[PDB]
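Residue numbers (the UniProt record's numbering), protein chains in the order written: chain Y, 829 to 876; chain U, 634 to 682; chain R, 926 to 1022; chain S, 4 to 234; chain Z, 2 to 228; chain W, 790 to 946; chain P, 2 to 95. The C-beta atom is built at its ideal place from N, Cα and C for all residues, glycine as well. The next block holds one structure in the form of structure tokens; read it before the comments.
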Amino acid sequence: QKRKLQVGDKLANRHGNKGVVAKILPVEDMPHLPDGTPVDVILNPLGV
Amino acid sequence: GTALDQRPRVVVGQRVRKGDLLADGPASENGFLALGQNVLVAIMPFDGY
Amino acid sequence: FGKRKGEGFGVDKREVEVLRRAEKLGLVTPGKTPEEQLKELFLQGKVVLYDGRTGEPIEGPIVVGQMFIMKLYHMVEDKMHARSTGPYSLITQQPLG
Amino acid sequence: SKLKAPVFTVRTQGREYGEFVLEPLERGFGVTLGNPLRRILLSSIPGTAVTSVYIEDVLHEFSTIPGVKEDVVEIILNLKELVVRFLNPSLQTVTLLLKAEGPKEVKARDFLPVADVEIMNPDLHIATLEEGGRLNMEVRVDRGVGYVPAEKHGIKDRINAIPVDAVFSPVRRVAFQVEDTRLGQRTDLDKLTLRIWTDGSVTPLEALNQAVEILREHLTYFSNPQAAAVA
Amino acid sequence: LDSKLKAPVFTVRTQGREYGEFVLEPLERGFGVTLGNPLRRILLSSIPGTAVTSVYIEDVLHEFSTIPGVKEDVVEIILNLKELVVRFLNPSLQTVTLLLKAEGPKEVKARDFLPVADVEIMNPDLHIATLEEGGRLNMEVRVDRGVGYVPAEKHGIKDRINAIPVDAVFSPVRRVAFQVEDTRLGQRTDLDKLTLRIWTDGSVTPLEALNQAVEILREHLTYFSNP
Amino acid sequence: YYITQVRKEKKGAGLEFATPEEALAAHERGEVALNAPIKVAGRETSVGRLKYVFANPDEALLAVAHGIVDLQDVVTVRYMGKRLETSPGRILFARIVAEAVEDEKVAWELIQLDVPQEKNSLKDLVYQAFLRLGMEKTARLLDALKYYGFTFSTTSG
Amino acid sequence: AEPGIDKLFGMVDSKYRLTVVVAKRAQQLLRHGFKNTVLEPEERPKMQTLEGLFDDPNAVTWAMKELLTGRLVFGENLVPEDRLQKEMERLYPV
DNA sequence: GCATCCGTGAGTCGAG
Ligand SMILES: [Mg+2]
Ligand SMILES: [Mg+2]
């Protein structure tokens, strides 16, 4: 089976930040740069 | 249960010295260890999500 | 940025608002040109960000950049389970685990 | 002291990119006009994508073809990026045929031409075929809107066909710029600029127009008020 | 791939001319906030209304001065003047100057303003000032048609040397609050439900207010026509 | 906390002024910051409190909407027959509590207006609301505080 | 929170008594097919379906609302059990 | 009264 990413899957970085994807937003909802480039992931600062 | 597969990184006729990469293993990109994706992140709270 | 200036686009009004905010935050040195302050922010690793739902900028500059993230093997597709009724144990006559 | 209909400027490069300026506008209307269009442009603009693939001697997506370097997963990954323009407005579906062999690099050009169908990116790589390596494909491209995953549509022309994830939206990127302008003694007026990048399947301007039409048609939905029976 | 969409049903819930709720469901994904935000901006900023721009009071030099014989200071009266809701019956009329003269032990309400042609005072029971024995109030207020919110320091208009500029609240709309809730039609759970809430001063009704708002927006969509 | 905190600026730096017009002129020249503490007529105040005076919350937040002043600026607003020196943000918080519990007087009593909201103050708020208004209205208050808390935490930067 | 829960907690000397009351009442309503309800048609709890509004199938909701209306009598040793059963059967067949 | 010996305890769901 070919598994895409879905709500409930676990992501983590190498520095010990770990979390579950809680929301998949459509591209238009995503915070973007002035040139129109959207971001893939929104991390919470409170975790740092 | 993860799928372990190798993929060829070279092409017909290519000259290769000793130790050059031929096939890319699982979780490997051009001989470098690949455990995930490089994504563009923004660090801000978002609507309690 | 320099590309953007060459493309014939000056500073956005939203970028002005955000720059006022960052100026109040002591992030950028007051009196500089908008380009200078945007460079000052970008150097601190922060950029101006627009909320996609509104179009209005996030009041502050936000830290944005490429990060390496992995998908761990704990996957919801494996873990989700529910039962109404099902098999029962031999001696205890209780539901199996 | 009432602003009126602003000048509308249009800049274009190819069928790919475009800039659309509206000036002068009342304060804040740069965003009021600019952002909704962006949202509609990025999502609801109809387009084309490959909805299915059949290769001969290939039962499923997980298999490798002899003589072919790329695995079927990668071949379909490459097929995802194929840009297929329909000249006919009435044409809902097209099946592209590819037949190739011998040492060669099979590109998008190698598809057998169909009437009122044009490949906007002929240089797109598909496969690398070795000596004796033989590739035969039938791909199905459809008209659709938004992003419909292969799991959702499950479109198959035949038994061994492989359903493919389809991104229909021709719009690659949308940005909008609000700059300070003035008319007469008025100040702090908005000058709006919509920058649009597409795949060439449809031009930026077409997209902008049908997106506007979408916004208007949605504004239509307020025209028939109705009493709340909650009480 | 093949898609079906039903035209949403517009739901209206209104209490008097002061308030209303507006529900539009179902909507396609993301279109909740797509219609929602623009209408909010347009409603608050651009909807035509009337405000008190300038006020002159006899024997009063500046804004923070105090009026002998009256308990409220000049500032408190200016505030009370900001809440005055004035309606122009004639579309031709761009500006009015309302005069008021009173004295003695009486509490001046908005009724006491001398009536003007095609000018309706929506809130005649509104409190302006209270005067004691020996107190006198002679004032003229300048009411202009306009849009949105203009601070006093921004227009700076004076008919007289002692006339005081007032922050002008033109907007008949007091507040706009909108929220998008996930609702479902049949199989799909994400479809957008737009609930809109609008406050007004009574001069223009919320339903009238929203209809004006969607008109302004729609007209702007026609500005993409001729290069 | 981000909406309920007030700005403290260093530019004005405690200057003395005779009449308010002098102060307004001074700020206009860029000599004195809006939120910087100064003494007019011998009693301490700020330029912001003099320059902008609102007749009601709706007007104030309307001004915040048009970009006249921010939620963190100290200003003067008339609320419930009282003349208040406070931020529009705090007026907003107060109105959130009030709208949530559907009692304006009680709400006004529960809140501590002149301090920025945090874990302890909000905890005390939840408890007092429990006691006075009961668990249903307290649950509604909770949901509200959640909503606005998140919504504002987002755009806070 | 359950609507008017504070009032319900006010009505009884112990919260668990409220619980028992509501549960028993709900069982009565289920057994008698809602015919025995003390609620007028306009007070009927409504579930909003695809077609339109309908009666709320949930017995507990009903029982709590009925309880809120003060139209119910709760207490120990009101009537002998079989008598209550037979009478409720008489007025409302099942 | 005080050293010494023998038996009985030592977190929860999950998968295994
Ligand atoms: Mg003022
Ligand atoms: Mg208090």
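Applying the criterion that 16 or more other CB atoms from any shown protein chain within 10 Å of the CB defines a buried residue, is residue i buried or exposed?
| i | result |
| --- | --- |
| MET140 of chain Z | buried |
| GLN95 of chain S | exposed |
| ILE162 of chain Z | exposed |
| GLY980 of chain R | buried |
Tell me which residue opens and which closes the beta strand (DSSP E) that residue i is part of.
| i | result |
| --- | --- |
| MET992 of chain R | 987-996 |
| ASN38 of chain S | Per DSSP, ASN38 of chain S belongs to no beta strand (DSSP E); it is in the alpha helix (DSSP H), 32-46. |
| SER55 of chain Z | 49-58 |
| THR1017 of chain R | Where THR1017 of chain R is concerned, there is no enclosing beta strand (DSSP E), given that its DSSP letter is neither H nor E. |
| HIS156 of chain S | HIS156 of chain S -> not in any beta strand (DSSP E); alpha helix (DSSP H) instead, spanning 153-156. |
| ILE676 of chain U | 669-676 |
| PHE11 of chain S | 10-16 |
| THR96 of chain Z | 96-104 |
Hey, quick one: how far does the alpha helix (DSSP H) through residue i stretch, first residue to last?
| i | result |
| --- | --- |
| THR67 of chain Z | That residue, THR67 of chain Z, is in no alpha helix (DSSP H); it is neither H nor E in DSSP. |
| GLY71 of chain P | That residue, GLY71 of chain P, is in no alpha helix (DSSP H); it is neither H nor E in DSSP. |
| residue 97 of chain P | What the structure shows of chain P is the stretch from 2 to 95, and residue 97 of chain P is not part of that stretch, so it cannot be assessed. |
| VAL863 of chain W | It is not in any alpha helix (DSSP H) - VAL863 of chain W carries neither H nor E in the DSSP assignment. |
| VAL23 of chain P | 16-33 |
| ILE129 of chain Z | Run containing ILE129 of chain Z: none in the alpha helix (DSSP H); it sits in the beta strand (DSSP E), 128-132. |
| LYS957 of chain R | Taken as a continuous stretch (DSSP letters only), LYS957 of chain R belongs to no alpha helix (DSSP H), as it is neither H nor E. |
| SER835 of chain W | Element bounds for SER835 of chain W: not the alpha helix (DSSP H) but the beta strand (DSSP E), 832-835. |
Is the Cβ-Cβ distance between residue i and residue j less than 8 Å?
| i | j | result |
| --- | --- | --- |
| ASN81 of chain Z | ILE158 of chain Z | no |
| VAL233 of chain S | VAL142 of chain S | no |
| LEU968 of chain R | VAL989 of chain R | no |
| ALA210 of chain Z | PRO173 of chain Z | yes |
| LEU40 of chain Z | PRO228 of chain S | no |
| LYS828 of chain W | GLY803 of chain W | yes |
| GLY31 of chain S | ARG137 of chain Z | no |
| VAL644 of chain U | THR67 of chain S | no |
| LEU853 of chain Y | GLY847 of chain Y | no |
| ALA2 of chain P | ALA27 of chain P | no |
| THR201 of chain Z | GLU29 of chain Z | no |
| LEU127 of chain Z | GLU77 of chain Z | no |
For residue i, would you say it is in contact with chain W, using Cβ-to-Cβ distances shorter than 8 Å as the test?
| i | result |
| --- | --- |
| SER172 of chain Z | yes |
| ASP680 of chain U | yes |
| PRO959 of chain R | no |
| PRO92 of chain Z | no |
Check whether the Cβ of residue i lies closer than 8 Å to any Cβ atom in chain Z.
| i | result |
| --- | --- |
| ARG978 of chain R | yes |
| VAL842 of chain W | yes |
| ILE857 of chain W | yes |
| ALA854 of chain W | yes |
For residue i, decide whether its Cβ has a neighbour in chain Y, counting only Cβ atoms nearer than 8 Å.
| i | result |
| --- | --- |
| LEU666 of chain U | no |
| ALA675 of chain U | yes |
| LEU82 of chain S | no |
Are the C-beta of residue i and some C-beta of chain U separated by less than 8 Å?
| i | result |
| --- | --- |
| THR131 of chain S | yes |
| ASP74 of chain S | yes |
Does the beta carbon of residue i sit closer than 8 Å to a beta carbon anywhere in chain S?
| i | result |
| --- | --- |
| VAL672 of chain U | no |
| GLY931 of chain R | no |
| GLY935 of chain R | yes |
At a Cβ threshold of 8 Å, is residue i touching chain P?
| i | result |
| --- | --- |
| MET924 of chain W | yes |
Are any of the Cβ atoms in chain R nearer than 8 Å to that of residue i?
| i | result |
| --- | --- |
| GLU19 of chain S | no |
| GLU29 of chain S | no |
Would you be able to state if there are at least three C-beta pairs under 8 Å between the segment 922-933 of chain W and the segment 955-965 of chain R?
No, because fewer than three Cβ pairs between the segment 955-965 of chain R and the segment 922-933 of chain W fall closer than 8 Å, the two stretches do not touch.
Spell out a yes or no on whether the segment 36-44 of chain P and the segment 65-76 of chain P are touching, meaning 3 or more CB-CB pairs, one atom from each, closer than 8 Å.
Three or more beta-carbon pairs separated by less than 8 Å link the segment 36-44 of chain P to the segment 65-76 of chain P, which places the two stretches in contact.
Inter-stretch contact (C-beta, 8 Å, three-pair minimum) for the segment 202-218 of chain Z and the segment 799-811 of chain W:
no
Between the segment 180-199 of chain S and the segment 96-108 of chain S, are three or more C-beta pairs nearer than 8 Å?
no
I want to know whether the segment 183-198 of chain Z touches the segment 23-33 of chain Z - three or more CB-CB distances under 8 Å.
Contact between the segment 183-198 of chain Z and the segment 23-33 of chain Z is present, because at least three Cβ pairs lie under 8 Å.
Check whether the segment 143-158 of chain Z touches the segment 35-53 of chain Z, taking contact to mean three or more Cβ pairs, one atom from each stretch, closer than 8 Å.
yes
Spell out a yes or no on whether the segment 4-17 of chain S and the segment 2-13 of chain Z are touching, meaning 3 or more CB-CB pairs, one atom from each, closer than 8 Å.
With a cut-off of 8 Å, the segment 2-13 of chain Z and the segment 4-17 of chain S do not count as touching, because too few Cβ pairs lie within range.
Okay, do the segment 912-920 of chain W and the segment 945-963 of chain R touch, 3+ Cβ pairs below 8 Å being the bar?
no
When you compare the segment 990-1008 of chain R with the segment 664-674 of chain U, are there three or more beta-carbon pairs, one atom per stretch, that lie closer than 8 Å?
In short, these stretches touch, since the Cβ pair count reaches three.
Does the segment 896-911 of chain W come within contact of the segment 811-830 of chain W, defined as at least 3 CB pairs closer than 8 Å?
no
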